[PDB]
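Alright, here's a single protein chain in two forms, structure 1 and structure 2, each given by itself as structure tokens.
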Structure 1
């Protein structure tokens, strides 16, 4: 009563699970995604070592097919051909995945939310939501053997957007993948090299949506009494680790239903930027940029986009 509750969720993993396969080359084992007659997986599966600079050219030319082993739930598929594209391999198999969902391939942009199906040994073990950050990394949860874990989005009509294959954990702990065309996000290298990412920026659009969710759930203590216009805030955001706000009218639905303007939520962001002190906001102890406007509206009112 007086709210619905804001909870971080992933979209259902079912249709993606039926595409996850166990891909083994030699003694190296990771995950692949099985669509049609093709299995896509990180190319470093054929690397004789993963803990040393890899000569991928040499790796592919000395590759032998009989060292490949592709299985789905322990049922082995027959490797027919292997081709290299960017940072991934496309493995042609005899059997075609009869559970291939209506799908497309999309490349994510900073600010996009998607879902991770964390897999090990070709078996999905966990599923969770993440945002592609401004520095083209994500804050996931992975350990050894996670690579090949698919990232995805499910459209309203049911089309699965495949957009991520886990590949790298940077020294900072930040995670990086490639799209299904081989492009490593943010132009990172699929090498165990020292790679540094840009400092992360707070997704200001998300924080605004979050604060609206907080209001719609009865949380009001943080509300600032002052207003700050869009240009005034963007000049502040560049200098305090926040993105620009785009674009004070997509929030017209929640501005209407709460009676609080975006400008009043922008001045609050400034004040709350410091910290929450002792207080709370919907269980979160600092400003939260994890939820998009779409996610919020979906959980509040049940509509999409």
Structure 2
């Protein structure tokens, strides 16, 4: 038993992290096959003024790069720029490249972040992409290029995130491996601000099922609500729509409680917990996905 936000193991991703340096600027990259992908920030000139990346790219010289894995330097063959990332062709392939694909996350998706500094991983944690296209992680100077990944049920690594910048608000912004910044934020300092976060209803439903399976049921509500009604309430109260109901069948069967009864319970609990808690939480928890709850409680995939 227990429900804890965890990361999928990081070994296969650690073996792909590299240190990328251009002039004095250092950040992290990901080495897959004969290509290193990293944020284009690495070629920015030192200045406080707006960076013109097209000009930075045109004045770029290959000899200014150094790329290394565990202190072993790689030859740089060529560099191209794609959105907010660089693709650096190197002169040998990573022999420890995992079976992998590239995936662009959608809000509500869980993934793992490997926080790296100077091409060496320091921490790994699970995180959710928020409705405002940011995450809440923990990064300090040098974390740029820290990768996000998921490992599919079949073992394939999905590469989905490269850390780009922290907004003034503290929100964390990354791009996918194609260079598209999640939420269309600028990949350089600015005054941009993310939209207000919405609670992930699908995850709250999963959380309440976990609570029921632990004998915590004081909060169950007997009012009638359907998905359409809940979704209208959600829009008015800072919650996402619930996506669907049937996917919860494994948990609905184990508990005898329908998703619609949980939706009614969310509406009630919005009023307050009146000093009580659910699995130790004093407010609704949207940290855990359905997949996570089923995996952690029953050891199976959906």
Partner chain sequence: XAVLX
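Under this definition, the rigid core comprises the largest set of C-alpha atoms superposing within 1.5 Å between the forms. Residue numbers count along the first chain shown, from 1.
Asker: So which is the form solved in complex with the partner chain here, 1 or 2?
Answerer: Looking at both, the form solved in complex with the partner chain is number 1.
Asker: Just one of 225, 193, 181, 83 has a CA that shifts 2 Å or more between structures 1 and 2 on a core fit; which is it?
Answerer: With the rigid core fitted, the residue that moves is 225.
Asker: What is the rotation of the smaller rigid part with respect to the larger, given in whole degrees, between structures 1 and 2?
Answerer: From C-alpha superpositions, the smaller part turns by 11 degrees.
Asker: To one decimal place, what C-alpha displacement in Å is found for residue 51 between structures 1 and 2 with the rigid core superposed?
Answerer: Residue shift at the C-alpha: 4.2 Å.
Asker: Once the rigid core is superposed, tell me how far the Cα of residue 270 moves between structures 1 and 2, in Å to one decimal.
Answerer: With the rigid core fitted, the alpha carbon of residue 270 is displaced 2.4 Å between structures 1 and 2.
Asker: How much does the C-alpha of residue 239 shift between structures 1 and 2, in angstrom, given a rigid core superposition?
Answerer: Core-aligned C-alpha shift comes out at 1.4 Å.
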